[PDB]
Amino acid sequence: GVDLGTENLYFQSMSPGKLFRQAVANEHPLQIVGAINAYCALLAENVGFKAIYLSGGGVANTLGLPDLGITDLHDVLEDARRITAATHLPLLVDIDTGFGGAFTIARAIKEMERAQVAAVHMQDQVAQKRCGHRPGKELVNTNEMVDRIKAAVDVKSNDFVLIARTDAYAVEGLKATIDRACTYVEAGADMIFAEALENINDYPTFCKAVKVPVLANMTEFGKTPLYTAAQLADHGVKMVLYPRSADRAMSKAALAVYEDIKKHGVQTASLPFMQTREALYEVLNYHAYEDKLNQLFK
C-alpha cells in the first residue's frame, strides 16, 4: 500500500518494537539519546537520531528527586506517554527493577506497550529492601532476575523489546557478567544492556558469548571511559546509549540564565545562548498547523 516513486511495493505496517529492531539492524551502531520531555525528543529527531531514551534517573531528577527508586510505574509511564504522543521514533524506557513482583512487572510491560513504547530495560539490582535501608548497589541472584524476565516475557507482544540490564561487571567482573547475560537471554531477554564495561577489547568476547544485540552505556562523570560509536561497533556493539548527556547541558544552561538575570537584572547577556523563536516554531512544525487549517477549513 506504500509507494516508491510510482511503483507500488510491499511495505509491512511497523509496530514501535519492530521499528526499534529495524533501527538496530540498519545502523552500525544505533545511537540512542536521552530526552527528558517531548520537546527534547523532537530536537533529537530533527538532528536525525533513529531512537530515543527515557532515563529512570532522569525522570526522578527532573521531579527534583534523587535516583533512589522513590518513583513508580506512573512516574515513568506519564513521561513516556508525553514523548510517544509527539514522535513515532522508537522509544526505549528504563523501568528499573520492574516496580514490584510478577504482576507489577506484567502491568508495566502492558502499560508501556499501550503507551506505544518500543522497548524497556529492566535491571538485576535488589529492589525495595527494608524501610530504613541506605542507598547503594546490590545485585539480585540470577534466578531472581530470571523470574523478573519471565514475568515480562509472559505478557509481551512479539515485536516489543525486553532488554535485560546487568550491573554485574563492576561488582563481579567480566566472567560472572557474561554468565548472567547468557542466563538472561535464555530466559527470554531480546537484547542486553552491559553497564560499565571498561576495556573495549572485552566487547568482542562479551558480544560473541551473548549473541543477542548488546548496548553499551556512555555515561559521564562515572567510572567508565568514552569511546566513539564506530569504535564500539567495530568491537561488536549494536546500540550505544547517551542517557543524560543533553540534560546535564540543559541544567548548566538554565543555571547560567538564572544567574545572569539575578546578577544583571535582565537577560541580555543570555540572548546569544538561547534558541531563536524561529528554530522553536520549526521544531514544533508550527507551519503544518496553519497549513492543516487551510487544507481543511475556511
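The first residue of the shown sequence is 1; numbering continues from there.
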key: Of 165 to 173 and 76 to 84, the stretch whose C-alpha atoms average the higher B-factor in the entry   = 165 to 173
ask   = Mean C-alpha B factor from the entry: is it higher for 138 to 146 or for 106 to 114?
value = 138 to 146
Which of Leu215, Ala189, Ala196, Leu91 ranks first by CA B-factor in the deposited coordinates = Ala196
query = According to the deposited entry, which of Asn37, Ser55, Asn26, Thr62 has the largest Cα B-factor?
reply = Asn26
query = What third of the chain, by the recorded C-alpha B-factor, contains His133?
reply = highest
remark   = Entry-reported C-alpha B-factor of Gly100 relative to its chain, by third, is middle
request  = Going by the recorded CA B-factors, say which third of the chain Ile200 sits in, lowest, middle or highest.
outcome  = highest
note = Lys211: CA temperature factor from the record, placed by chain third, in the middle
query = Can you tell me which third, lowest, middle or highest, the CA B-factor of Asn46 falls into for its chain?
reply = highest
